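What follows is the content of work_13.csv, which has CSV, C-alpha atoms and all ligand atoms:
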```csv
chain,number,residue,atom,x,y,z
A,1,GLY,CA,-13.3,-6.8,-3.6
A,2,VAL,CA,-12.0,-3.7,-1.9
A,3,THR,CA,-14.6,-4.0,0.8
A,4,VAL,CA,-13.9,-7.7,1.5
A,5,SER,CA,-10.2,-6.8,1.5
A,6,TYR,CA,-11.1,-4.4,4.4
A,7,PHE,CA,-12.9,-7.3,6.1
A,8,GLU,CA,-9.9,-9.6,5.8
A,9,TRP,CA,-7.7,-6.9,7.3
A,10,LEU,CA,-9.9,-6.8,10.3
A,11,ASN,CA,-10.1,-10.6,10.6
A,12,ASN,CA,-6.3,-10.7,10.7
A,13,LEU,CA,-6.4,-7.8,13.2
A,14,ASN,CA,-8.9,-9.2,15.7
A,15,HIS,CA,-7.1,-12.6,15.7
A,16,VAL,CA,-10.5,-14.4,15.6
A,17,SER,CA,-12.9,-15.4,12.9
A,18,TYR,CA,-16.3,-13.6,12.8
A,19,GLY,CA,-19.1,-14.8,15.0
A,20,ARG,CA,-17.2,-17.7,16.7
A,21,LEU,CA,-18.3,-16.3,20.0
A,22,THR,CA,-21.9,-15.5,19.0
A,23,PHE,CA,-23.3,-18.1,16.6
A,24,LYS,CA,-24.4,-20.6,19.3
A,25,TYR,CA,-25.4,-17.8,21.6
A,26,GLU,CA,-27.7,-16.2,19.1
A,27,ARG,CA,-29.0,-19.6,18.2
A,28,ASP,CA,-30.4,-20.3,21.6
A,29,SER,CA,-32.0,-16.8,21.8
A,30,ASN,CA,-34.0,-17.6,18.7
A,31,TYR,CA,-35.4,-20.8,20.1
A,32,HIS,CA,-36.3,-19.1,23.4
A,33,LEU,CA,-38.3,-16.5,21.4
A,34,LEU,CA,-40.3,-19.2,19.6
A,35,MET,CA,-40.9,-21.1,22.8
A,36,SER,CA,-42.0,-17.8,24.2
A,37,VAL,CA,-44.6,-17.2,21.4
A,38,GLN,CA,-45.8,-20.8,21.9
A,39,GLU,CA,-46.3,-20.5,25.6
A,40,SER,CA,-48.0,-17.1,25.4
A,41,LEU,CA,-50.6,-18.4,22.9
A,42,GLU,CA,-51.3,-21.6,24.8
A,43,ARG,CA,-52.2,-19.4,27.8
A,44,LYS,CA,-55.1,-17.9,25.7
A,45,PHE,CA,-56.0,-20.7,23.2
A,46,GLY,CA,-54.5,-23.3,25.5
A,47,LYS,CA,-57.5,-24.4,27.4
A,48,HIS,CA,-58.7,-25.9,24.2
A,49,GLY,CA,-55.7,-28.2,24.5
A,50,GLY,CA,-54.5,-27.7,21.0
A,51,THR,CA,-50.8,-27.5,20.8
A,52,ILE,CA,-49.2,-24.9,18.6
A,53,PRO,CA,-45.9,-26.1,17.2
A,54,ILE,CA,-43.9,-22.9,16.5
A,55,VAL,CA,-40.8,-24.0,14.5
A,56,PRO,CA,-38.3,-22.4,12.1
A,57,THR,CA,-38.9,-22.5,8.4
A,58,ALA,CA,-37.1,-24.9,6.1
A,59,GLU,CA,-35.1,-21.9,4.9
A,60,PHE,CA,-34.4,-20.3,8.3
A,61,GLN,CA,-33.2,-23.7,9.4
A,62,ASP,CA,-30.8,-23.9,6.4
A,63,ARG,CA,-29.6,-20.5,7.8
A,64,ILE,CA,-29.0,-21.7,11.4
A,65,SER,CA,-27.3,-25.0,10.7
A,66,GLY,CA,-24.9,-23.6,8.1
A,67,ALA,CA,-24.3,-20.2,9.8
A,68,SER,CA,-20.6,-19.5,9.2
A,69,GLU,CA,-18.3,-16.5,8.7
A,70,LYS,CA,-19.2,-16.5,5.0
A,71,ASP,CA,-22.6,-15.2,5.9
A,72,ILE,CA,-21.3,-12.2,7.8
A,73,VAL,CA,-19.1,-11.2,4.9
A,74,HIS,CA,-21.8,-11.5,2.3
A,75,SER,CA,-23.9,-9.4,4.6
A,76,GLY,CA,-21.5,-6.6,5.5
A,77,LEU,CA,-20.9,-6.2,1.8
A,78,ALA,CA,-24.6,-5.9,0.9
A,79,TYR,CA,-24.8,-3.2,3.6
A,80,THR,CA,-21.8,-1.2,2.3
A,81,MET,CA,-23.0,-1.4,-1.4
A,82,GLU,CA,-26.4,0.0,-0.3
A,83,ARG,CA,-25.6,2.7,2.2
A,84,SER,CA,-23.2,4.0,-0.4
A,85,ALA,CA,-25.7,4.2,-3.3
A,86,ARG,CA,-28.1,6.3,-1.3
A,87,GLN,CA,-25.2,8.8,-1.0
A,88,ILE,CA,-24.7,8.9,-4.8
A,89,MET,CA,-28.4,9.2,-5.5
A,90,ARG,CA,-28.4,12.1,-3.0
A,91,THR,CA,-25.5,14.0,-4.4
A,92,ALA,CA,-27.0,13.6,-7.9
A,93,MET,CA,-29.8,15.8,-6.6
A,94,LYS,CA,-28.0,18.3,-4.4
A,95,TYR,CA,-26.2,19.5,-7.6
A,96,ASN,CA,-28.9,18.6,-10.2
A,97,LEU,CA,-26.8,16.2,-12.1
A,98,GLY,CA,-29.8,14.2,-13.5
A,99,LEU,CA,-28.6,10.8,-14.8
A,100,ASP,CA,-24.9,11.7,-14.8
A,101,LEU,CA,-23.8,9.3,-12.0
A,102,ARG,CA,-20.1,9.1,-12.7
A,103,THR,CA,-19.7,12.8,-11.9
A,104,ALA,CA,-21.7,12.3,-8.7
A,105,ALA,CA,-19.4,9.4,-7.8
A,106,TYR,CA,-16.3,11.7,-8.0
A,107,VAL,CA,-18.2,14.5,-6.3
A,108,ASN,CA,-18.9,12.4,-3.2
A,109,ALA,CA,-15.3,11.3,-3.0
A,110,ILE,CA,-13.8,14.8,-3.3
A,111,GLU,CA,-16.4,16.2,-0.9
A,112,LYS,CA,-15.4,13.6,1.7
A,113,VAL,CA,-11.6,13.7,1.2
A,114,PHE,CA,-11.9,17.4,1.5
A,115,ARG,CA,-13.5,17.3,5.0
A,116,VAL,CA,-10.4,15.5,6.2
A,117,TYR,CA,-7.8,18.0,5.1
A,118,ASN,CA,-9.9,21.0,6.2
A,119,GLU,CA,-10.5,19.9,9.8
A,120,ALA,CA,-7.0,18.7,10.3
A,121,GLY,CA,-4.6,21.6,9.7
A,122,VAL,CA,-2.8,20.2,6.7
A,123,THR,CA,0.4,22.1,7.5
A,124,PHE,CA,2.3,21.0,10.5
A,125,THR,CA,3.7,24.5,10.9
B,1,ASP,CA,28.3,20.1,-25.3
B,2,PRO,CA,26.7,16.6,-24.7
B,3,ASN,CA,24.1,15.6,-22.2
B,4,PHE,CA,25.5,15.0,-18.7
B,5,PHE,CA,23.8,11.8,-17.5
B,6,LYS,CA,25.2,10.2,-20.6
B,7,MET,CA,28.7,11.3,-19.8
B,8,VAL,CA,28.9,9.7,-16.3
B,9,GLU,CA,27.3,6.4,-17.4
B,10,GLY,CA,29.6,6.7,-20.4
B,11,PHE,CA,32.7,6.5,-18.2
B,12,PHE,CA,31.5,3.5,-16.2
B,13,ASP,CA,30.7,1.5,-19.3
B,14,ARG,CA,34.1,2.5,-20.7
B,15,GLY,CA,36.0,1.8,-17.5
B,16,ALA,CA,34.3,-1.6,-17.1
B,17,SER,CA,35.3,-2.7,-20.6
B,18,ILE,CA,38.9,-2.4,-19.3
B,19,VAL,CA,38.9,-4.0,-15.8
B,20,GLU,CA,36.7,-6.8,-16.9
B,21,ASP,CA,39.6,-9.0,-18.2
B,22,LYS,CA,42.2,-8.5,-15.5
B,23,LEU,CA,39.4,-9.2,-13.1
B,24,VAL,CA,38.3,-12.6,-14.3
B,25,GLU,CA,41.8,-13.9,-13.8
B,26,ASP,CA,42.0,-12.8,-10.2
B,27,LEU,CA,38.9,-14.8,-9.1
B,28,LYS,CA,39.1,-17.9,-6.9
B,29,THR,CA,36.2,-20.4,-7.2
B,30,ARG,CA,35.3,-23.7,-8.8
B,31,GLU,CA,33.8,-22.5,-12.0
B,32,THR,CA,34.5,-22.7,-15.7
B,33,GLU,CA,36.4,-20.1,-17.6
B,34,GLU,CA,33.0,-19.0,-18.9
B,35,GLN,CA,31.0,-19.1,-15.7
B,36,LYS,CA,33.4,-16.5,-14.4
B,37,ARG,CA,32.7,-14.2,-17.3
B,38,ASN,CA,29.0,-14.6,-16.5
B,39,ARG,CA,29.8,-13.6,-13.0
B,40,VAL,CA,31.9,-10.5,-13.7
B,41,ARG,CA,29.6,-9.1,-16.4
B,42,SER,CA,26.7,-9.7,-14.0
B,43,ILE,CA,28.0,-7.9,-10.9
B,44,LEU,CA,28.9,-5.0,-13.2
B,45,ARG,CA,25.3,-4.8,-14.2
B,46,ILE,CA,24.3,-4.6,-10.5
B,47,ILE,CA,26.7,-1.7,-9.6
B,48,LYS,CA,25.5,0.4,-12.5
B,49,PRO,CA,21.9,1.5,-11.8
B,50,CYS,CA,20.6,3.3,-8.8
B,51,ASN,CA,19.0,1.2,-6.1
B,52,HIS,CA,16.4,3.6,-4.6
B,53,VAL,CA,14.8,6.8,-5.9
B,54,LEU,CA,12.1,8.7,-4.1
B,55,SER,CA,9.8,11.5,-5.1
B,56,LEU,CA,7.8,13.7,-2.8
B,57,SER,CA,5.1,16.3,-2.6
B,58,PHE,CA,4.6,19.0,0.1
B,59,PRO,CA,1.7,21.0,1.3
B,60,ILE,CA,3.5,24.2,2.3
B,61,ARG,CA,1.5,27.3,3.4
B,62,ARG,CA,2.9,30.6,2.1
B,63,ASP,CA,3.3,33.7,4.2
B,64,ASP,CA,0.2,35.2,2.7
B,65,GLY,CA,-2.0,32.2,3.8
B,66,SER,CA,-1.8,30.6,0.4
B,67,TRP,CA,-0.9,27.0,-0.3
B,68,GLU,CA,1.4,25.4,-2.9
B,69,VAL,CA,3.0,22.1,-3.6
B,70,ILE,CA,6.7,21.6,-3.3
B,71,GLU,CA,8.3,18.7,-5.1
B,72,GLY,CA,11.5,16.9,-4.2
B,73,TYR,CA,13.7,13.9,-5.0
B,74,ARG,CA,16.3,11.8,-3.3
B,75,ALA,CA,18.3,8.9,-4.9
B,76,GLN,CA,20.5,6.5,-3.0
B,77,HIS,CA,22.9,4.9,-5.5
B,78,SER,CA,24.6,2.0,-3.6
B,79,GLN,CA,24.0,0.2,-0.3
B,80,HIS,CA,27.4,-1.6,-0.2
B,81,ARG,CA,28.6,0.6,2.6
B,82,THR,CA,26.3,2.5,4.8
B,83,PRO,CA,25.3,5.2,5.4
B,84,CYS,CA,25.0,7.2,2.2
B,85,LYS,CA,26.2,10.8,1.9
B,86,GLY,CA,25.0,13.4,-0.5
B,87,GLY,CA,24.1,17.1,-0.7
B,88,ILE,CA,20.8,18.8,-1.1
B,89,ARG,CA,20.3,21.2,-4.0
B,90,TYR,CA,17.6,23.9,-4.3
B,91,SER,CA,17.0,24.7,-7.9
B,92,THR,CA,14.0,25.0,-10.3
B,93,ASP,CA,15.8,22.6,-12.7
B,94,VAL,CA,16.4,19.6,-10.5
B,95,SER,CA,15.1,16.7,-12.7
B,96,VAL,CA,15.1,13.1,-11.6
B,97,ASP,CA,17.6,12.3,-14.3
B,98,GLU,CA,20.3,14.5,-12.9
B,99,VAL,CA,19.7,13.3,-9.4
B,100,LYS,CA,20.4,9.7,-10.4
B,101,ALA,CA,23.6,10.9,-12.2
B,102,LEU,CA,25.2,12.9,-9.3
B,103,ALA,CA,24.3,10.1,-6.9
B,104,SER,CA,26.2,7.5,-8.9
B,105,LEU,CA,29.1,10.0,-9.2
B,106,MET,CA,29.6,10.1,-5.4
B,107,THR,CA,29.7,6.4,-4.9
B,108,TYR,CA,32.8,6.4,-7.0
B,109,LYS,CA,34.2,9.8,-5.8
B,110,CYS,CA,34.1,8.6,-2.2
B,111,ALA,CA,35.7,5.3,-3.2
B,112,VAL,CA,38.9,6.7,-4.7
B,113,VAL,CA,39.6,8.4,-1.3
B,114,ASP,CA,38.6,5.4,0.8
B,115,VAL,CA,35.7,7.2,2.6
B,116,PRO,CA,33.4,4.4,3.7
B,117,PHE,CA,29.8,5.6,3.1
B,118,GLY,CA,28.2,5.3,-0.3
B,119,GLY,CA,26.5,7.9,-2.6
B,120,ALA,CA,23.3,9.8,-2.6
B,121,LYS,CA,21.8,13.1,-3.7
A,201,LIG,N1,47.0,-3.1,-1.3
A,201,LIG,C1,46.3,-2.3,-1.9
A,201,LIG,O1,46.2,-2.3,-3.2
A,201,LIG,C2,45.5,-1.2,-1.1
A,201,LIG,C3,45.6,-1.3,0.3
A,201,LIG,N2,44.9,-0.4,1.0
A,201,LIG,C4,45.1,-0.4,2.5
A,201,LIG,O2,43.9,-0.3,3.3
A,201,LIG,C5,44.4,0.1,4.6
A,201,LIG,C6,43.7,1.3,5.2
A,201,LIG,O3,42.6,1.7,4.2
A,201,LIG,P1,41.2,2.2,4.8
A,201,LIG,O4,40.2,2.0,3.7
A,201,LIG,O5,41.5,3.4,5.4
A,201,LIG,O6,41.0,1.1,6.0
A,201,LIG,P2,40.0,-0.1,6.3
A,201,LIG,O7,40.8,-1.1,7.1
A,201,LIG,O8,38.9,0.4,7.1
A,201,LIG,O9,39.6,-0.5,4.7
A,201,LIG,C7,38.7,-1.6,4.3
A,201,LIG,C8,38.9,-2.0,2.9
A,201,LIG,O10,37.8,-1.4,2.1
A,201,LIG,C9,38.4,-0.5,1.1
A,201,LIG,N3,37.5,0.7,1.1
A,201,LIG,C10,37.6,1.8,1.8
A,201,LIG,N4,36.6,2.7,1.6
A,201,LIG,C11,35.8,2.1,0.6
A,201,LIG,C12,34.6,2.5,0.0
A,201,LIG,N5,33.9,3.6,0.1
A,201,LIG,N6,34.1,1.5,-0.9
A,201,LIG,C13,34.7,0.3,-1.2
A,201,LIG,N7,35.8,-0.1,-0.6
A,201,LIG,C14,36.4,0.8,0.3
A,201,LIG,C15,39.9,-0.2,1.4
A,201,LIG,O11,40.8,0.0,0.4
A,201,LIG,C16,40.3,-1.4,2.3
A,201,LIG,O12,40.9,-2.5,1.5
A,201,LIG,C17,45.9,0.2,4.5
A,201,LIG,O13,46.5,-0.9,4.9
A,201,LIG,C18,46.1,0.5,3.0
A,201,LIG,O14,47.4,0.2,2.5
A,201,LIG,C19,44.1,0.6,0.5
A,201,LIG,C20,44.0,0.6,-0.9
A,201,LIG,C21,44.6,-0.3,-1.8
```
Go ahead and render the structure in this file as structure tokens.
Ligand SMILES: NC(=O)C1=CN([C@@H]2O[C@H](COP(=O)(O)OP(=O)(O)OC[C@H]3O[C@@H](n4cnc5c(N)ncnc54)[C@H](O)[C@@H]3O)[C@@H](O)[C@H]2O)C=CC1
Amino acid sequence: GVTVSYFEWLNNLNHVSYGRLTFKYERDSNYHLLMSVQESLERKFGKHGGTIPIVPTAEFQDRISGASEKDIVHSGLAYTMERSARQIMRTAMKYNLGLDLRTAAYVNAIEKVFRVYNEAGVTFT
Amino acid sequence: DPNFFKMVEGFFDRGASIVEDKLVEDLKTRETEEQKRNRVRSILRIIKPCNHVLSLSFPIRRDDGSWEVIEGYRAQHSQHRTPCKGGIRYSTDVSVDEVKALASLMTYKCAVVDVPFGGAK
């Protein structure tokens, strides 16, 4: 809930919900890709006259018709919580910490908070 | 040789047990004789503590390139008349308990001489 609290702060700071300007645009681009695969096949197998009904799945349809802001949030979260684990796994090797993860958690934090004081000139003198 | 912060707050509590009575009588409002008591005792609980207290931490860089952490305080007692005036002290024994005390002391010091701004330290 810290991550989503960061997404709410941006929602309130862009003055628009997520995806309002893009859902119906990205919807049309999907159907033009399918209609492109259909046409392209029926130029090779098409003399046989067999139609090839390329259509979305019953799940990918349940993803288009109900595409809301809620999806983008539950996505940007699953991307944070993953890009961040790979950095704890890594640090747990660069220092040979084995299966001590808690220490590797704090070691990432300190090592990133350090790179901000160092390259800033902490003192204003 | 008693603690100091107890002394100051000791006077206020004593001096409020005196004025409390002659002060109910000189109120003008539509209340009971007991709703006024609950009004005087109540304001006197608001004047007593210190509104704001801060606490800081400094990244100073010594002359020899070192670093160390300075640690400060500032307490504004009252806001009833602005600004607030109060000195700054440099000493290795400046607690947060003695800053609250001396702040409250000026709000009353600069009231007996009718100087408008309130107290700080
Ligand atoms: N009748 C009485 O018992 C008193 C009358 N006065 C009168 O006030 C006039 C001038 O006093 P000034 O304060 O110079 O003028 P002012 O006109 O600016 O005073 C405003 C009022 O706030 C009070 N005051 C002043 N500093 C204060 C502070 N830090 N905290 C809380 N209250 C404060 C004053 O006693 C005054 O009644 C004169 O007429 C003088 O006689 C002052 C004190 C008592």
My list of candidates is B:24, B:44, B:61, B:119. Which is closest to residue 102 of chain B when distances are computed with only C-alpha atoms?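 With only C-alpha atoms as the atom set, the closest residue is B:119.
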Would you list which chain B residues are within 12 Å of chain A using all atoms listed in the file, as a PyMOL selection string? chain B and resi 58-63+65-69
All residues having an atom within 6 Å of ligand LIG 201 (chain A) (all atoms listed in the file) as number ranges by chain: B: 110-111, 114-118
Atom pair atom CA of residue 88 of chain A / atom CA of residue 101 of chain A: separation (Å):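 Calculated distance between atom CA of residue 88 of chain A and atom CA of residue 101 of chain A is 7.3 Å.
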Measure the distance from atom CA of residue 86 of chain B to atom CA of residue 16 of chain B in Å and round it to one decimal. 24.2 Å
For segment 3-5 of chain A, please output as a list in words all residues within 10 Å (counting only C-alpha atoms; exclusion window: fewer than 5 positions along the same chain). residues 10, 11, 73, 74, 76, 77, 80 and 81 of chain A
Need the shell around residue 91 of chain A: protein/DNA/RNA residues with any atom at most 12 Å away, counting all atoms listed in the file. Skip same-chain ones fewer than 3 positions apart. Format as number ranges by chain? A: 84-88, 94-112
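The shortest atom-to-atom distance to residue 12 of chain B, with all atoms listed in the file taken into account, belongs to B:48 out of B:74, B:48, B:28, B:37.
Compared by their closest atoms to residue 49 of chain B, and using all atoms listed in the file, the residues B:35, B:29, B:104, B:91 rank with B:104 nearest.
If you look at atom CA of residue 85 of chain B and atom CA of residue 121 of chain B, they are 7.5 Å away from each other.
Closest approach to residue 65 of chain A among A:27, A:20, A:15, A:115: A:27, based on all atoms listed in the file.
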Neighbours of point (-23.2, -18.3, 14.7) within 10 Å, using only C-alpha atoms, written as number ranges by chain: A: 18-27, 63-69, 71-72
List every protein, DNA or RNA residue with an atom no more than 12 Å from (28.2, 2.3, -15.0) in the file's coordinates, counting all atoms listed in the file, and format the result as a ChimeraX atom specification. /B:5-17,41,43-50,77-78,100-101,103-105,107-108
